[PDB]
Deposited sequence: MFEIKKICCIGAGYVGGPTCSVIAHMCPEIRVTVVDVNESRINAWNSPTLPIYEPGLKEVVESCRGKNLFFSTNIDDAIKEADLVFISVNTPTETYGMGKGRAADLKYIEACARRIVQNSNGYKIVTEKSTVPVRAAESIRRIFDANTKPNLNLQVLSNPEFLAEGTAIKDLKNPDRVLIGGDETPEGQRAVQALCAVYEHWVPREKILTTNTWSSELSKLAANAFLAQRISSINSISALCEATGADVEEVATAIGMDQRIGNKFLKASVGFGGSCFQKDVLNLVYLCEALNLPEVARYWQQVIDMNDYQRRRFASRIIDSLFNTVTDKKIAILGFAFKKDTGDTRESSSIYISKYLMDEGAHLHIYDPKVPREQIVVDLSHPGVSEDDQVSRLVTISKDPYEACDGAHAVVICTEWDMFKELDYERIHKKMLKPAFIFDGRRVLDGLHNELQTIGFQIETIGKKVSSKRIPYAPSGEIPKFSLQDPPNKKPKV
C-alpha cells in the first residue's frame, strides 16, 4: 500500500505542527488539516498562526497551499484521504469513507482509544493504528524533524502489518528505520502512557529533593548535578520547579492510576498516584512560602506551562495565582505569548477585582511588593532589575520558581532584593 493523501482531524498543538512537518518532508503527499473551528482554521491560513511554536510559521508557509492545506470541509478531506489522523469521531469517518483507509490515533488518552474506535468500525474496509506523538510543546518542530523514536502500533494480522508499514513508509522520508518502533496496538498505547509517567516522575522526584534541600540548607541544583552525572540516571528532566504543567502529564498519570484500579492493581495505583501528590504539594509549598514571606500587589511573571508556548493548560501559574487570589492578593500578570483573554478564562467576580493583565513586565512590577517567576521565559533573566527595584514597593521580594535568576543572586541582593528560590534555604 502507498499513502498519497492524509487527512488530520484536529488542528491543535499536535495536529497542526505534525502535519506541517509531514507535508514539508513528503512533497509528494497532500496533507489536509481539518477542524470544526472555523476561527482556528482561518488563523492557520493567516499570517498569525493560532499557536505559538518556534519555527512553525516557516515550516507551514514552506508547504502551505502546495501540499499542506487547512480547511473546515471535514467530510471531503476524510473521503479523499488514504490515512486519517485523530489528534464518536469514528462515526463521522464511516459516514464519509469507502474502500480502504487507515485510521490512526495520536492522542495518549483515553487509554484504550484505538480499541474503542476499532469497536465502532466493526459495528457497521478500515484499519486502526496507534501512533502517539512524542513532541513537546515549545520544541515541537525540532522534535518532529529529529525524534528519538517513532512508535507505531497495529494488529498482528496481514492487514494490520500492511497498514503499519504503509505508515512507516511516510516517516522513512526523514526518519531512519533504526528509530522507528513497530508493535501491537496496545503495547504502543501502554508504552506512551508509561513514558510520560516516567518523565513526570523525574520532576516530582527532584521536586521532593528540593523540599529536602530548603529544609536542610543544601542546593537542589548542586544535588541534581551530582545525581545527573550518573549515566544510569541521566542529566535531563532534573530541573526543580514550582510544578509540572501541560495537558498530558497529570492526565496521563491519572489515567494510568485508573487503569490500574480497573485491573485490580491497587498498589501500582498508589505508586503512581504519588507523582501527582508530590506535584500538588510542591505547588502548595511554593504558594505558602510566598504568603509566609509577606508577613498587596504581586507581579506574576509567566503564565504558560513552560517557555516558548502560549499554552496554559494545567500551568502551575494558574494554581499559584488562584492560591494568592484566595488570600486577597492583587495580581499583575505578564506573559510574552499567552493571550490576555485566556488568562482571564483560566482564573474564573474574583477576577474583576484582583487580576490585572499587563502588556509588559515592568508594568506588572510597578508598585508591587513581590515578583513571582512561574515560567522559565528567557527574557526574564535579561530584564533591567535596577529599574524594577526602583518602581517596586519596598521591601521588594523575588520568588524564583524556575531557577532562572541563578547567577544573578549577587547582583540582585546588592540592588536591594530579597530573593527566594526553590530548593534553597
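Which regions of the deposited sequence are unaccounted for in the modelled residues, listed N- to C-terminal?
Going by the record, the segments left unmodelled (no C-alpha atoms) fall at 1, 89 to 110, 148 to 152, 324 to 328, 382 to 388, 466 to 494.
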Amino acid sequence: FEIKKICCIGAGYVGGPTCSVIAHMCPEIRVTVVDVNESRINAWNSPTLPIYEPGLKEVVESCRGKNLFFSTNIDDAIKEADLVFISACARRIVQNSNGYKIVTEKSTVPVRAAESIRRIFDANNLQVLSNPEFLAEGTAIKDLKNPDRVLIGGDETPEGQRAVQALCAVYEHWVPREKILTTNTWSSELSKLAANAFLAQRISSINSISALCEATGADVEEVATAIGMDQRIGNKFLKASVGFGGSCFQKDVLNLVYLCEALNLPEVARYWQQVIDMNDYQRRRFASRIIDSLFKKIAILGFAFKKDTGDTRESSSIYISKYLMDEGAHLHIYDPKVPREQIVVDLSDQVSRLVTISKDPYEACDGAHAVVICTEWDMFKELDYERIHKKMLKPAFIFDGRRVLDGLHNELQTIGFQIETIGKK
From here on, numbers count along this sequence of modelled residues.
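Entry-level comparison of average CA B-factors, 189 to 197 and 215 to 223, reporting the higher stretch:
On average, C-alpha B-factors are higher across 215 to 223.
Averaging only over Cα atoms, indicate whether 403 to 411 or 13 to 21 has the higher B-factor in the PDB entry.
Result of the comparison: 403 to 411.
By the entry's C-alpha temperature factors, tell me which of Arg289, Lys101, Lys251, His332 sits highest.
The C-alpha B-factor peaks, among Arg289, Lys101, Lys251, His332, at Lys101.
Say you rank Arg232, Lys142, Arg284, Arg92 by Cα B-factor from the PDB entry; which sits at the top?
Among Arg232, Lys142, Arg284, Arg92, the highest C-alpha B-factor in the entry belongs to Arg92.
Ranking every modelled residue in this chain by its Cα temperature factor as given in the entry, which third contains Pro339?
Its C-alpha B-factor, which the entry lists for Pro339, ranks in the highest third among residues of this chain.
Can you work out whether the C-alpha temperature factor of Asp122 puts it in the lowest, middle or highest third of the chain?
It belongs to the highest third of the chain when residues are ordered by C-alpha B-factor.
In terms of the CA temperature factor given in the entry, to which third of its chain does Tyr319 belong: lowest, middle or highest?
Lowest third of the chain for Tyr319's C-alpha B-factor.
Which third, lowest, middle or highest, does the CA B-factor of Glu172 fall in along this chain?
Ranked within chain, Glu172 CA B lands in the middle tercile.
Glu28: which third of its chain by C-alpha temperature factor?
As the PDB entry reports it, the C-alpha B-factor of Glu28 lands in the highest third of its chain.
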